[PDB]
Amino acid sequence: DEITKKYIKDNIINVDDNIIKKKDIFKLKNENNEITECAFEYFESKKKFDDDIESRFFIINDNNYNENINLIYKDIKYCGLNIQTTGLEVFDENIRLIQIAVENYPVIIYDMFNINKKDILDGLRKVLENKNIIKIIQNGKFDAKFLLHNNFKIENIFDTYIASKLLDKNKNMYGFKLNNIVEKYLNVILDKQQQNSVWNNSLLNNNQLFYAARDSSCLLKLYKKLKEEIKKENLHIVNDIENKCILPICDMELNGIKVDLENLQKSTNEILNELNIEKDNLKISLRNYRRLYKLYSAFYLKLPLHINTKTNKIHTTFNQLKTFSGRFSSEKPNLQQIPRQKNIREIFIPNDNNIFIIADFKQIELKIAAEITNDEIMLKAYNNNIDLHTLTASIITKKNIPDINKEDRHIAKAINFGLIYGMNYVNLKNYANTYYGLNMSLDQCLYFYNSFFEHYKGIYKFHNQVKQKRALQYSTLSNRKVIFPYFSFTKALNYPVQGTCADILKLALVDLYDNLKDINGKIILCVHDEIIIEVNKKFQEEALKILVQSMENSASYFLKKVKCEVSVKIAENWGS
């Protein structure tokens, strides 16, 4: 009517007589401080908002497209970026809106359901691609994923969700949605009710648009506050790595990993025949039937649920900041819960004309411990390329390296992993006999304990410092920080080691993502201390080097007294 359909030409529904269209003249500045003016039609709320968040907006469609709007983008350095989608899955859903909030201007809202001329998005694509303009985003992985899948290029991101998560230091598992973050840092309550509104129509009501404008311009004010808190916490280095790691993570999720259905259904029939063999031949046997039962039901039966029927690809979900240590986690499916047996990981293959390159660190955790504790014997041994287990064997047995046998090294393995991570000699005994099948005595493990820390004086001093301080706040070599709810000696030792691994892998993915562009390399997976890339077979030897140096250079960034070792192989399946 005169009210509801008043702005139907702009594809807007006036739901409550609370929207006016206005036309004013806006000043436009460039790099040379020159001011040129333009007249723009924008929308505003009749009832003013009880805050200072920019709530006006331009809407861009085919009927009103004013090219001069792109002049707002001239010589800017940051902008709030948000999108509205019709759902959560980038493959099944569409981008309904794109919002860009430039400081001191009403938000520019691209009505994507009512745009069909490519010229309208030109100035948009430039802002996104411009590596010298910061795009402030909330949930950058989610938004970047949609933009990438819709053939939008983007670079330079500051994720307010990553900053808030890092500042929380794993003290809370909830409170990181836009609504929470804005209420905390700005004391403004956004109309979160609009998330459940209908975005699939070619028309939107005024309330949906005021929300799409305010949920994008608020990013400008969150960036200033969060940027300052990051700096005060000395979290810039980690926050920067995490922000740059968004794109490699999107790359992994968008590429997925191809599944060989032949071996899948085959192995399903095989383990199934072994299970039926158990039932028939029975009704050793228990452990066998149970193993095959979990293998079949918990894996062979669940996995097909995630296979893209049209591409035989799995598109897992990588969580950037949901583990205690900062390591990646995955879900739907959880890649680290997939069995390690070569019988099962052989099912994952590269695309045609491509091949996998798989790389691992050998002993990154133990080398990190040596650097953190600054233990002279360990650092010198690593630098002379002496094996750490052989080393400890020579200390325990007092033998020289030529007289050290395999049983000596096996015992030393248990001592190293047990004592480096904070066990006492009693726990060492149980740990050794349980996981290594050694049957050592308390008097022996007591000798191991005293001998270990008598020679590894750096570790002994570091461990004693941790016990005495009983501190709750710990940091990694990237200065990623955590605060414990209560003091645990073994967790205090483990966090800087595991958290530094996270830093190294995440920085390796960032360098790798840049180094692979020349050969259109694809980042596939990151689990534990390994990364998998997929490349055309002709760039095989070139990608082998890129992956190794991306991981070596990352470790070199954090470790100054010890050199990492990368084991790398070229494979046609994940089971190799």
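The numbering used is simple: start at 1 and walk along the sequence shown.
Coordinates are given for every residue of the deposited sequence from residue 310 through residue 311, so that no gap is recorded there. For the segment pair 350-358 and 482-490, the entry gives 350-358 the higher mean B-factor, averaged over Cα atoms. Averaged over their C-alpha atoms, the temperature factors of 405-413 and 267-275 are higher for 267-275. Across 296, 421, 495, 158, the entry's maximum B-factor at the CA atom is seen for 296.
Per the PDB entry, 341 shows the highest C-alpha temperature factor of the residues 172, 216, 164, 341. In the PDB entry, a CA B factor belonging to the lowest third of its chain's modelled residues is recorded for residue 551. Per the deposited record, the Cα B-factor of residue 511 falls in the lowest third when ranked against the other modelled residues of its chain. Ranked within its chain, residue 387 lands in the lowest third, by CA B factor from the PDB record.
Residue 444 sits in the highest third of its chain by CA B factor, as recorded in the PDB entry. Per-chain ranking of the deposited C-alpha B factor places residue 306 in the highest third.
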